[PDB]
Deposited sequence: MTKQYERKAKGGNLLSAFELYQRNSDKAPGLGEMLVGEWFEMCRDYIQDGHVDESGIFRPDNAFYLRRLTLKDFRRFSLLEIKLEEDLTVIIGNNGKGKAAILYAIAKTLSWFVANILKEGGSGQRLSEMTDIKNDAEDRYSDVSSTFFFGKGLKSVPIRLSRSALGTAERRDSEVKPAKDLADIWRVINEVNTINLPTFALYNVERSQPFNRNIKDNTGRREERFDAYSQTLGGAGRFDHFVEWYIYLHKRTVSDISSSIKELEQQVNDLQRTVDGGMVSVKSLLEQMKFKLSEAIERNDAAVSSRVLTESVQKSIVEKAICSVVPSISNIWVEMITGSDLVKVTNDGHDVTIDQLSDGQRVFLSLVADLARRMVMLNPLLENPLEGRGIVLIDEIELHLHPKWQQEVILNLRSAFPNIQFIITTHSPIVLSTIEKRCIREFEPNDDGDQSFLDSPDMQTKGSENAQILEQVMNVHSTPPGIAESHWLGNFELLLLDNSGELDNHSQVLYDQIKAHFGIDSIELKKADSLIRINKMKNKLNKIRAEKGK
């Protein structure tokens, strides 16, 4: 029946379950939205990253998918439930003539449902969400997981809240995970301790994804963690540690509640948005965050946003959507950059993917290696140049190691010229 179209799948040789009718956002169009007159994005099935100078455009995007997914969420929850919508919250482009704004998005739900076009402010998303509701009522199915993690998840530390799978979707698109809800659910599972496998799966997710936390458990009621080899409390954790903990734990809780029938609930289909993946993260964790997420979140279409090149060093260039500088909202289509970023040098990423130098041009320290090179090649290899190399240099600093090599090459080229003559 229609249920088999949703429930069937196949496992990879890696052990990852793959839904054959994979659900992901395929194409997205914004008309007169925020700053875009008309803009088209094609999304990757696995992972997509938007980069750019100002946070406004990238947020906008993620805000648009969140509000679009809200209709799916509401119609999954309540019959004909009206989801979040624009309805004119000054989201109209500030000088648009149409005074109208459409978020045109085309979801793909496998071979059969090749196109599900939704636009906000026809809403046929109910036509699929009615299937997601009526099925999972007659017989349970692994519902699609949705989430948005905005800046608001850095918050300082009314429902049944528990044993109901629809405690998810409660405030998932609000921009901040319900970390308190996760703590409550954890406390109740620990009190009762299937609940055990849910708890163990969540704990494994925290331990694997988050570097610092090696173990987590509950004591008399209060939750303890083994952070940096020390047993401290949740509120004792740092802001960065707590933010990463809240994001991972909230997503894991929602997804284990939404996908009860999976052998591994961690790999259910869904769409997850992350506005600042590098929020309060040391570069050492930035080099590992996406690998850890993707290894723990296989099938999820991550549409994330970052300003950190260390993150981009771990992403193929096909997954970047790059807002070229000097990009007025009239740009029709975002596209990948030329340089392959995965595994490349950090300085090269700085120079060619974000168009800023490896050295800050704001300060010189009253000398500059480029000036020394220019003078040396002008003179072909000497008091002013030696004065330049005596500025702070004369030390092991790379600034001297390159200068001496260029002096050697200039003198050697002069000797070659002398012999040739």
Gaps in the model, given as deposited-sequence positions counted from residue 1 | 1 to 41, 163 to 175, 212 to 217, 254 to 309, 337 to 340, 502 to 506, 547 to 550
